[PDB]
2 protein chains.
Amino acid sequence: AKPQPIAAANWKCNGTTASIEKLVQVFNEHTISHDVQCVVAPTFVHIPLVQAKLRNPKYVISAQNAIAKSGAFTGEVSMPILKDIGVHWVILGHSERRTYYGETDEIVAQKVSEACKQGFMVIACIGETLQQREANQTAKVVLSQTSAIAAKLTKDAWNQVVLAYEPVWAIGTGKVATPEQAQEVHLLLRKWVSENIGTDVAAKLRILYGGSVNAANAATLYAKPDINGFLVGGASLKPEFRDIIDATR
Amino acid sequence: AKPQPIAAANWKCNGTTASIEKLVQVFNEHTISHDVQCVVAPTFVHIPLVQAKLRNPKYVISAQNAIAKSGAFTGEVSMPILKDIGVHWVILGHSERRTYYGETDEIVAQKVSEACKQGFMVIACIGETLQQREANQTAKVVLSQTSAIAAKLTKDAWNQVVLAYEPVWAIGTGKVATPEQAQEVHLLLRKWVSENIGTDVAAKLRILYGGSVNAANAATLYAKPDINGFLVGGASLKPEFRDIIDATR
Ligand SMILES: O=CN(O)CCP(=O)(O)O
Ligand SMILES: O=CN(O)CCP(=O)(O)O
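Residues numbered from 1 in each chain as written, not as in the entry; some residues may be left out. Chains lettered and ligands numbered in written order. Heavy atoms only, no water.

X-ray crystallography is the method the PDB entry lists for this structure, together with a resolution of 2.00 Å.

Here it is, written out as structure tokens:
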């Protein structure tokens, strides 16, 4: 049987108080009748607003990034500060942070390790570029990113980890991966975890697909055996996020 | 006569809801009887809390960093999002961002330019390292950082700019610059602005000193003619921030 699916909304750097209040009411009035964990990740300045308005019991709030420790780091938000305000989910290693803001595999693996030590649920992102994919390096890249994270974790910490595979060429481009492309990578990741970490760990691990997911292609992706849900960018800012959630039934 | 002084608290990546509620009450009960603009910059997740509790009329709230535009920038907060929640001050180019998070002179100058276009008051940070200072390059470095910002601005935008000189060797080390060291750099900056931008601009520009300021050395720094106030890190997390404010009388 599949583990519990996740439908995660990453709002990236978007939103106004007016537009967030309306969308959150749309999420609140949508009744979800199956077992799914819904996740909303707003910008840091909107966490308090979302905490005050979001009432749907299937949802939790996540930060879009964090650093491990408080201190002299002007502009950043740390894990202890998020925990103190009630946030215990975080997205780490998003492609945009790896590309624009210098997060290497080592930096992402250290952040994931620290988040696990501080009790967070982590959504760790991995994925290849179009250049790597055309050079037939997809497997090597995704397994190198994953084993760099695995090297800093203990077996028990895998209980707090969610992997999100998002090919860089599918992010915000409208070119979603086919169900078959996504399933082959998810299967390869699950097998690697099964062999290197444990078969019990592999059976429970959620591996999500992200990159141009919308309400019409979600159900076809979710039909594949090793896809456990989605990380959604642009479609999570709209009311069709409701039908993405309902595609994990 | 000096322009209106500024006393700015940069809380960096520190704070809990409990410790911020107590400190803000301390700031609220301190009556300020002279003309000074007080500034508090908390982490992004604490902006809403500080907005709800801070009542002292001499204070404004500032963000510790921002990006210019909303969009697919996971983890970042943009200028339009800050404006929408009521924040219209921002600190840019802090040494910690230049050192750890890759902000070059060009990146800082583009952020400052955009902030000015969007109507923010900006605290732009500049300063030399211990290596540059020992190599007698202080003047060259601080003027190169400043002219890189000046190149993207119009004369009228200088009305929204505050410069903060913080030698990198004085930040959080306990080794404050002497009044004479700070005054020589502030005078050099003011003259450069007077010659390259305008004498009217130079007369009104606030140039703050930062780096190990505390309540005992503040009054001696403020006695120098070209020092217009302070950017304070560690001492701004304590009740002695009150006497730093009162040293600008
Ligand atoms: O964080 C999630 N993603 O980046 C998916 C982005 P999108 O759904 O717009 O292609
Ligand atoms: O942002 C302000 N500064 O970095 C000054 C830091 P401090 O006052 O701890 O030396």
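All names here are of chain A. The eight strands lie next to each other as β3-β2-β1-β8-β7-β6-β5-β4, forming an open sheet whose pairing is parallel. Only two strands of the sheet have a single partner each, and these edge strands are β3 (59-61) and β4 (89-92). The mean angle between the axes of side-by-side strands here comes to 20°, regardless of whether they run parallel or antiparallel. With three bridges connecting them, strand β2 (residues 37-41) and β3 associate as parallel partners. Residue pairing for β3: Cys 38 is matched across the bridge by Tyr 59. (Pairing = 2+ DSSP bridges. Helix = DSSP H or I, 4+ residues; strand = E, 2+ residues; numbered from the N terminus. Axes fitted to C-alpha atoms, helices over the stretch in contact; angles between N-to-C directions.)

The next thing to look at is the site of ligand 1. Residue and element names in this part refer to chain A. Taken together, 13 residues form the shell around ligand 1, and within it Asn 10, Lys 12, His 94, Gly 172 and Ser 212 come nearest. Between an oxygen atom of ligand 1 and a main-chain N or O atom of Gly 172, the distance comes to 2.7 Å. One of the backbone nitrogen or oxygen atoms of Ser 212 is found 2.7 Å away from an oxygen atom of ligand 1. Out of a free accessible area of 310 Å², ligand 1 has 94% covered by protein chains. Its atoms largely coinciding with the cavity grid, ligand 1 occupies the second largest pocket. Tallied by class, the residues present in the shell around ligand 1 amount to four nonpolar, seven polar and two charged. (Near = heavy atom within 4 Å. Polar contact = N/O pair within 3.5 Å; in protein donor to acceptor, adjacent residues only side chain to side chain. Areas by Shrake-Rupley, 256 points an atom, 1.4 Å probe, with all protein chains shown as cover. 1 Å grid on protein atoms, 1.4 Å probe; cavity = no way out; pocket = protein on both sides within 12 Å on 5 of 7 lines; lining within 4 Å. Sits in = over half its atoms within 2 Å of the grid points. Nonpolar A, V, L, I, M, F, W, Y, C, P; charged D, E, K, R; others polar.)

Turning our attention to the packing of aromatic side chains. The tally for this structure, following the rule as stated, stands at eleven aromatic pairs over all chains. Summarising the aromatic geometry, the rings of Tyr 100 of chain A and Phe 73 of chain B are spaced 5.9 Å apart at their centres and angled 45° between planes, so their arrangement reads as tilted. Of this pair, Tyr 100 of chain A sits in helix α4 (residues 95-100) while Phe 73 of chain B sits in the loop between β3 (59-61) and α3 (79-84), on two different chains. A residue is classified by how much of its surface remains accessible, and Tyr 100 of chain A, at 48% relative accessible area, is partly exposed. Looking at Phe 73 of chain B, the relative accessible area reads 24%, which means it is partly exposed. Ring-pair connections join several aromatic residues into one group, and the members of that group are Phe 27, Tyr 59 and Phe 241 of chain A. Looking at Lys 2 of chain A, its charged tip hangs above the ring of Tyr 222 of chain A, at a distance of 3.8 Å from the centre. (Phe/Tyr/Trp six-rings, centres within 6.5 Å; stacked < 30°, edge-to-face > 60°. Buried < 20%, exposed > 50% of the residue type's maximum accessible area, 1.4 Å probe, protein only. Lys NZ or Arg CZ within 6 Å of the ring centre and 35° of its normal.)

Let us look at the relation of the copies chain A and chain B. The operation linking the two copies of the chain is a rotation about an axis combined with a translation along the axis. Rotating chain A by 180° about the axis while translating it 0.0 Å along that axis superimposes it on chain B, leaving an RMSD of 0.0 Å. Seen this way, the second copy is the image of the first under a two-fold rotation axis. (Least-squares fit on C-alpha atoms.)

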